Ligand code: HEM
Ligand code: HEM
Ligand SMILES: CO/N=C(/C(=O)OC)c1ccccc1COc1cc(C)c(I)cc1C
Ligand SMILES: CCCCCCCCO[C@@H]1O[C@H](CO)[C@@H](O)[C@H](O)[C@H]1O
Ligand SMILES: [Zn+2]
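Chains as they are written, first to last, in the deposited numbering: chain A, 299 to 444; chain F, 10 to 110; chain D, 194 to 241; chain J, 4 to 64; chain C, 1 to 380.
What follows is the structure, given as structure tokens:
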């Protein structure tokens with residue numbers, strides 16, 4: 299906002315049986331793509347380096363509400379169950395999940411993000427008037443130090 | 010008296026920009042005139058001209074060329090810009106001589 | 194006429210060694226990075 | 004698995020990386036010179052004063 | 001104003017937008033490395049230049065001895081010296097490749113960037129010329145005299161220009177000293193212009209081997225070209241060091257190991273290879289004035305090049321005819337060089353006049369003509 303970086307952006311953690319895609323996606327004008335990306339890859343980094351207990355406490359309380367939210371109605375419950383079993387084997391209760399969340403702390407995050415983010419070759423999908431995103435190489439280097 | 014044609018065709022293969030998949034008129038240096046003509050090109054013809062070049066560059070950077078079967082052929086080269094060009098040069102040549110009057 | 198003579202040749206040696214090794218290394222890194230481009234592939238897929 | 008182990012303890016954090024180059028270089032110097040000097044001298048056996056010194060150092064007058 | 005800190009900093013915005021985020025074609029070749037090399041080259045000469053200057057004594061009675069002392073007494077003095085004298089060559093080599101490149105790819109269509117270039121060359125040339133006199137050896141001395149003495153061919157306004165330039169009636173101390181000052185100065189002036197050179201360039205971006213809009217596919221200078229550049233550096237620095245560390249004087253004539261003596265003239269007076277081609281043209285015309293002009297124009301001609309482009313295409317890549325004419329020219333310089341390292345006796349002389357005669361002829365008539373003719377074969 300301070301810089302009008304984009305239009306929208308989102309963090310996603312798609313999970314598949316044996317794999318998954320962790321990242322983000324933003325939409326933006328042809329001339330702010332760069333600054334935006336830059337900042338994004340940046341934040342990502344900060345994750346592995348200087349994440350605070352304030353950031354997590356907040357993230358947890360957010361996640362909690364978000365999980366609870368997925369179970370607002372009947373349709374959204376069967377979905378979860380249809381899934382939970384099929385994917386996880388058992389079925390995880392908000393009580394279980396929650397505790398699994400209350401257990402996380404700053405230190406824990408920096409370690410996991412580091413594990414799957416830091417110095418890793420990423421996948422990139424650019425679509426549209428992207429003349430400013432350019433060079434995987436650069437994009438690659440944005441995967442370390444911050 | 011096919012002397013000429015024989016030559017033009019020779020030189021054509023001599024310069025060999027086909028090897029890159031270019032068209033005579035792709036290689037045209039973008040002076041003010043050319044600059045103008047290109048702007049007039051119908052979306053498609055222009056968008057095509059583009060790729061061809063972006064393709065050619067990627068080759069040159071790679072230090073490769075197109076496989077012999079894909080090169081362009083003297084008679085299949087489409088002078089897509091010449092017409093647009095000539096006119097520009099005609100239009101300008103007019104203006105110019107009229108500002109002397 | 195050139196007392197250095199010796200030390201200068203002793204240097205030439207050292208210089209040739211470092212040189213050769215450091216050029217090799219750089220050449221890798223140059224290629225490495227550039228790979229991204231030389232390996233690149235493009236297609237022209239209009240809407241037709 | 005040196006490449007692995009290396010990428011982990013060494014080339015990972017841009018800090019330990021640098022720290023390696025430093026120390027690493029130290030070793031390199033300390034031992035590159037030896038080799039070089041040694042090689043050079045060998046190619047000049049008995050021509051250098053380092054060799055023909057014994058002939059005047061404490062053996063004359 | 002901005003997020004990161006190299007676009008909102010009135011300084012890093014100049015160390016960035018000129019060497020890191022700089023839009024570069026993706027297909028420029030090795031003939032584009034000479035740019036940075038030329039720079040790096042300067043960065044070095046100046047440095048070794050000072051380091052020497054800190055031990056030199058500009059005086060017709062100490063110049064030689066100082067340089068000598070510099071070599072025999074100063075720590076790594078000899079090394080520092082070699083590097084400088086050889087840095088000179090390395091400098092020219094890089095410049096000539098740089099220039100050739102520009103000619104073979106019509107980079108000279110970048111008018112300003114070009115003209116600044118030419119000047120830069122001129123300055124570099126003058127610069128060496130003075131630096132050569134400093135060691136005050138036979139060649140140092142005589143090269144001075146032979147050249148400076150040309151000026152006296154100009155009518156009226158010259159017979160004076162010379163005695164003014166010498167600070168006396170012949171090349172002597174008054175000269176040495178002022179030359180030293182000049183040699184200290186010019187390098188900086190080069191660095192200066194070089195800045196302007198790179199600016200006029202960044203006004204259009206690099207020309208690419210194909211000679212067609214690069215906008216369709218440009219890459220960031222870093223790491224692509226920064227990396228390429230450094231490799232290029234090493235691939236040169238090697239022979240530069242290799243010759244300067246194993247064959248020091250391979251290039252430099254010996255008569256310059258003999259303290260200058262205005263009373264006796266060396267058997268043969270001939271410059272360093274990079275001035276040979278010119279020397280040869282100067283000596284082709286028998287008439288101080290004419291030869292002078294030929295020398296001048298032999299290098300000044302460059303300015304014309306732009307106005308002598310007739311092809312509808314830019315680079316010679318797709319113009320076979322021009323290409324050979326181009327190589328005929330290059331070889332034409334080699335010859336002139338050689339002819340310059342030889343005396344003034346048959347056959348040399350005749351070969352001499354021809355070579356020079358063909359040198360101008362090419363850049364003046366062939367190139368522009370074969371260009372036109374070329375165009376018509378494309379049917380344009
Ligand atoms: C004083 C020394 C000079 C320095 C340090 C210098 C440096 C550079 C640099 C850094 C570049 C950009 C990269 C490249 O080389 O393509 C460049 C480009 C250029 N220089 Fe020079 N230059 C010098 C001399 C000259 C000379 C004497 C000429 C010729 C009269 C000249 C003509 C050009 C041209 C035409 C370009 C355009 C390059 C292109 O085609 O993309 N320069 N120069
Ligand atoms: C434009 C870059 C430079 C060029 C092309 C250049 C070239 C030369 C040349 C041609 C010589 C004769 C070398 C020999 O004896 O074989 C020389 C000598 C010298 N130069 Fe430079 N020089 C440059 C920069 C400098 C600078 C910047 C200084 C210091 C301000 C400097 C100081 C000297 C000194 C002290 C000598 C005389 C002693 C010697 O010959 O070693 N030079 N230079
Ligand atoms: C002081 O004399 N320096 C000389 C030299 O080669 O310095 C590097 C030198 C030595 C012997 C004969 C002629 C010269 C200078 O000759 C020059 C100098 C310049 C500038 C140009 I254009 C063209 C020629 C032919
Ligand atoms: C391309 C870059 C090459 C750099 C090579 C570094 C060579 C400098 O090596 C030198 O050798 C001398 C002779 O033993 C020693 O006396 C010096 O102390 C040493 O620094
Ligand atoms: Zn001689």
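Idealized CB from N, CA, C, for every residue including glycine.
- Under the 10 Å beta carbon count, residue 255 of chain C is surrounded by 16 or more other beta carbons and is classified as buried.
- Residues of chain D with a Cβ closer than 8 Å to the Cβ of residue 72 of chain C are, in chain order, 196.
- Taking the beta carbon of residue 230 of chain C as reference, the chain D residues within 7 Å of it are 219, listed in sequence order.
- The beta carbon of residue 259 of chain C sits closer than 6 Å to those of 64, all from its chain and outside the five residues before and after it, given in chain order.
- Residues of the region 211-239 of chain D whose Cβ lies closer than 8 Å to any Cβ of chain F, in chain order: 230, 231, 233, 235, 237 and 239.
- Residue 48 of chain F has its alpha-carbon roughly 46 Å from the corresponding atom of residue 295 of chain C.
- Between residue 205 of chain C and chain F, the shortest Cβ-Cβ separation is not below 8 Å.
- Taking 4 residues as the shortest admissible run, the region 200-257 of chain C contains the following complete alpha helix (DSSP H) segments, listed from N- to C-terminal end: 221-246.
- The contact set of residue 39 of chain J on chain D, defined by CB atoms closer than 8 Å, consists of 203, 206, 207 and 210 in chain order.
- Judged by DSSP in its simplified three-state form, residue 61 of chain J adopts coil rather than helix or strand.
- By the C-beta density criterion, residue 51 of chain F is exposed, having fewer than 16 other C-beta atoms within 10 angstroms.
- Residues are counted here when their Cβ sits less than 7 Å from a Cβ of chain D; for the region 77-94 of chain C these are 78, given in chain order.
- Look at residue 317 of chain A here: in three-state DSSP terms it is coil, with no helix or strand label.
- Close to chain A, meaning a Cβ-Cβ distance shorter than 8 Å, are the following residues of the region 9-21 of chain J: 15 and 17.
- Residue 169 of chain C sits in coil when the DSSP states are folded into three classes, being neither helix nor strand.
- The criterion of a C-beta distance shorter than 8 Å is not satisfied by residue 3 of chain C and residue 67 of chain C.
- Under the Cβ distance rule, residue 337 of chain A counts among the residues neighbouring chain C, one pair being separated by less than 8 Å.
- Note on geometry: alpha-carbon atoms of residue 75 of chain F and residue 320 of chain C lie some 19 Å from one another.
- When DSSP states are grouped into helix, strand and coil, residue 137 of chain C belongs to the strand group.
- Against chain D, the beta carbon of residue 223 of chain C has neighbours under 7 Å at 226, listed in chain order.
- Residues of the region 312-330 of chain C with a C-beta less than 7 Å from any C-beta of chain F: 312, 313, 314, 318, 319 and 320, listed in chain order.
- In the three-state reduction of the DSSP assignment, residue 56 of chain F falls in the helix class, which pools H, G and I.
- For residue 239 of chain C, the number of other beta carbons within 10 angstroms of its own is below 16, and it is reported as exposed.
- Linking residue 80 of chain F to residue 32 of chain F through their CA atoms gives a straight-line distance of about 10 Å.
- The criterion of a C-beta distance shorter than 8 Å is not satisfied by residue 38 of chain C and residue 126 of chain C.
- For the region 413-443 of chain A, residues whose beta-carbon sits nearer than 7 Å to a beta-carbon of chain C comprise 432, 433, 435 and 436.
- Among the residues of chain F, those whose CB is under 8 Å from the CB of residue 208 of chain C are 66 and 69, following chain order.
- Residue-level contact by beta carbon holds for residue 42 of chain J and chain D, with a gap shorter than 8 Å.
- The Cβ atoms of residue 241 of chain C and residue 40 of chain C do not sit closer than 8 Å to each other.
- Where residue 278 of chain C is concerned, the enclosing alpha helix (DSSP H) starts and stops at 273-284.
- In this structure, residue 37 of chain J has its CB at a distance of at least 7 Å from all heavy atoms of ligand 4.
- Of all alpha-carbon atoms in A:321, A:317, A:337 and A:425, the one lying nearest the alpha-carbon of residue 300 of chain A is that of A:337.
- When C:92, C:106, C:16 and C:168 are compared, the shortest CA-CA separation from residue 310 of chain C is found for C:106.
- The C-beta of residue 342 of chain A has 16 or more other C-beta atoms within 10 Å across all chains shown, which makes the residue buried.
- Contact between residue 336 of chain C and residue 281 of chain C holds: their C-beta atoms lie close to 6 Å from each other, under 8 Å.
- Partner residues in the beta bridge of residue 310 of chain A, as assigned by DSSP, are A:321.
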